[PDB]
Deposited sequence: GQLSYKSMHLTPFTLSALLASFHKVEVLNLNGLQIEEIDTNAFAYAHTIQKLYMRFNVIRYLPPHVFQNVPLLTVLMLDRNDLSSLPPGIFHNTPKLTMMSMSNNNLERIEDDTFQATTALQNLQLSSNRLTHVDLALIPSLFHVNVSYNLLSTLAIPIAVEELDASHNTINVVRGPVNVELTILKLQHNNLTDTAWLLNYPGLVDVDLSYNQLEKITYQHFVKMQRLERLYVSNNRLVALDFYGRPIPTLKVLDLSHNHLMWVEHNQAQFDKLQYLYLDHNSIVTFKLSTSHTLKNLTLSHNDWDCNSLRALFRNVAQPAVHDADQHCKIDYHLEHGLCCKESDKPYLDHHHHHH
């Protein structure tokens, strides 16, 4: 997000004047000649976003050796020419989000050994081997058709949400910190042992039926864990956020103070009957609705430790602080 002022315009204009930054965004470009950039050796940043480009021609980037940033998001690309980045070894950021790409062949980023930010969200990708790009720092491949996620050695933030991923592979990665995998087809979490630096992990809307606590024993930094909308049935356990909402949970045990640093705990839409929570000053937010509470257990929870409520209780159950519960 930029603020347009005489100062920021002047800087933009300076970069244009020298042809170091070329803005071709939003010009309804549909076709590009092979030699369009034949005499544009000065170009370091090339912006071609929000056009209607169907194809990139052979050798299109053969004469732009200083290229570091290339933005081609919001076009109609479905594949890439041979050796597209062969002559752009300085490339640090590349976006082709919102195209129609189907595969990224494995040789694509072989010469781009400084590529650190790669944006490929909202394509039709069935194959991209990110593990072959060990320079990656931030990556987004969300909203594609990937079934296998290969994670490179030192990526720090990776969003692969909204795919059909059921396999995660790649070398141990102590730097991966934010991992977004919501809306996928994951049924196991053993791969979590390879990512000891994780702070935020979202595994919501997957096909998890159990979450075994020994997959988390190498975690040095984990603060936020989202596992809503899976099919978890029971849980028997630096964490600040824990989302267990919308599962099939019959019980959740925690032994015991390891829930004391929690500020956000979501238990709503499960089948929980009892739940213990010590006097944790402070817990910021707690959801309990749409469960099967025993009234005694529910009461004790309000003495020690709400942001939701029940509307209609079923037979045998009555409202108690806005939540349904059954008497002993």
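Peer 1: Pop the missing stretches of the deposited sequence into a list, counting residues from 1 and keeping sequence order.
Peer 2: Comparing the full sequence with the modelled residues, the uncovered ranges come out as 1 to 6, 244 to 249, 318 to 321, 345 to 356.
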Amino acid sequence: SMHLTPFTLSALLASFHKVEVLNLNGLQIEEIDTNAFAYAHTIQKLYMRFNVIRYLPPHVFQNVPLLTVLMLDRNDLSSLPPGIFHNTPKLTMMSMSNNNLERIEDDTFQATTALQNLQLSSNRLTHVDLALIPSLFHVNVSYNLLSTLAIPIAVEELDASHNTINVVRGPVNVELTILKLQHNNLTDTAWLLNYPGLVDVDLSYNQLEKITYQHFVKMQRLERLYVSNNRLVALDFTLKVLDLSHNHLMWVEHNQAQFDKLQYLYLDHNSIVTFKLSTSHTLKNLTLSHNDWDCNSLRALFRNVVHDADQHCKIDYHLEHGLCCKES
From here on, numbers count along this sequence of modelled residues.
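Peer 1: Going by the mean C-alpha B-factor recorded in the entry, which is higher: 216 to 224 or 175 to 183?
Peer 2: So the stretch with the higher mean C-alpha B-factor is 216 to 224.
Peer 1: Got a sec? Mean C-alpha B-factor, which is higher, 248 to 256 or 142 to 150?
Peer 2: Stretch with the higher mean C-alpha B-factor: 248 to 256.
Peer 1: At the C-alpha atoms, which of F37, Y47, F50, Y264 reaches the highest B-factor in this entry?
Peer 2: Going by the entry's C-alpha B-factors, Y264 comes out highest.
Peer 1: Whose CA atom has the top B-factor in the entry, of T282, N270, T42, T68?
Peer 2: Of the candidates given, the C-alpha B-factor peaks at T282.
Peer 1: Could you tell me which third, lowest, middle or highest, the C-alpha B-factor of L286 occupies within its chain?
Peer 2: Highest third of the chain for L286's C-alpha B-factor.
Peer 1: Considering every modelled residue of the chain and its Cα B-factor in the PDB entry, is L13 in the lowest, middle or highest third?
Peer 2: Middle third.
Peer 1: For the chain shown, is the CA B-factor of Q62 in the lowest, middle or highest third of its modelled residues?
Peer 2: Ranked within chain, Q62 CA B lands in the middle tercile.
Peer 1: Per the entry's values, where does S161 land by CA temperature factor relative to the rest of its chain, in the lowest, middle or highest third?
Peer 2: CA B-factor rank for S161: lowest third.
Peer 1: Going by what the PDB entry lists, where does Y205 fall on CA B-factor within its chain: lowest, middle or highest third?
Peer 2: It belongs to the middle third of the chain when residues are ordered by C-alpha B-factor.
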